[PDB]
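The chain below stands alone and is given in structure tokens; this is the form deposited in one PDB entry.
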């Protein structure tokens, strides 16, 4: 007896493609690698319960290639498989609402993702790939599994792998519209004089070397090519936020002087992130866990600040 069912294939879970599959052959033999809501069904034969369901496949013809690029803005051949592999895990995570924000209950070393997600909900940022637009909208509403699996895929991290918050934000910023953001800096060495620089996009909102926005405005010491120490300060800033980052160090966070921050305890091979947010008071969100305090001191590694337009008074 020849038996078939109708299923749909997809690469973006919006555009569907009608298929008839032989129930005597695996999905793999018929589609190549195939996934059902993140589960790898390549080696599985069609079941009656599969009729009418949507399966993800890899882009193996020009129509799927165009749909996949339009939705994800990547042509990395292994992207969809990495996204499905992650999703199969993230759909099992819990996403509690903590002080009004979608968080993530700790699992699989996902603390860096929780503090990244919590941060995104506090800064003005629009993503460019539809995949991120759609999944972030769902994440804000509490259903963050697809958004987390996409972050993992875009950052080329697997579930359980140790992640860095600054690197993760850089990847997400790369897929955001930051074209309006601009930064002017001035570098002063006593032997070589001055040199001003202009930064755009992601580079205009990220800085590595100091956590304090005020000190960035007043000046920071860096090496110069002659062996002297030069000073660098912020001349002009046009952006809706800024992100200041540094190797983890004991740092004091004062209520009302920043938006949110990341705290890292541990070492370079393993550790743990927490998120600090400045609301009526300082709240520390550690996945599902919430505590409060009037003042905060701890090993901070990233601080986010609101911004619209800043121009220095320094001459």
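Residue numbers count along the first chain shown, from 1.
Enquirer: If you average the CA temperature factors over each stretch, which comes out higher, 77 to 85 or 232 to 240?
Expert: If you average the C-alpha B-factors of 77 to 85 and of 232 to 240, the larger mean comes out for 232 to 240.
Enquirer: Between 8 to 16 and 298 to 306, name whichever shows the higher mean Cα B factor according to the PDB entry.
Expert: Per the deposited B-factors, the answer is 298 to 306.
Enquirer: Which one of 222, 111, 178, 131 shows the top CA temperature factor in the record?
Expert: The listed residue with the largest C-alpha B-factor is 222.
Enquirer: Out of 154, 216, 127, 207, which one has a C-alpha B factor higher than all the others in the entry?
Expert: Going by the entry's C-alpha B-factors, 216 comes out highest.
Enquirer: Where does the C-alpha B-factor of residue 138 rank in its chain, lowest, middle or highest third?
Expert: Within its chain, residue 138 is a lowest-third residue by C-alpha B-factor, going by the deposited values.
Enquirer: Please place residue 67 in the lowest, middle or highest third of its chain according to the CA B-factor in the PDB entry.
Expert: Its C-alpha B-factor belongs to the lowest third of this chain's values.
Enquirer: If you rank every modelled residue in this chain by C-alpha B factor, which third holds residue 290: lowest, middle or highest?
Expert: Residue 290: CA B-factor falls in the middle third of its chain.
Enquirer: Looking at the temperature factor on the CA atom of residue 99, which third of the chain's modelled residues does it land in?
Expert: For residue 99, the deposited C-alpha B-factor lands in the middle third.
Enquirer: Comparing residue 264 with the other modelled residues of its chain, is its CA B-factor in the lowest, middle or highest third?
Expert: It falls in the middle third of the chain.
Omitted from view is the form deposited in another entry, to which the following refers.
Enquirer: Where the C-alphas stop fitting one rigid part and start fitting the other between the shown form and the other one, you find the hinge. Which of 60, 202, 38, 180 is it?
Expert: Between the two rigid parts, the hinge is at 60.
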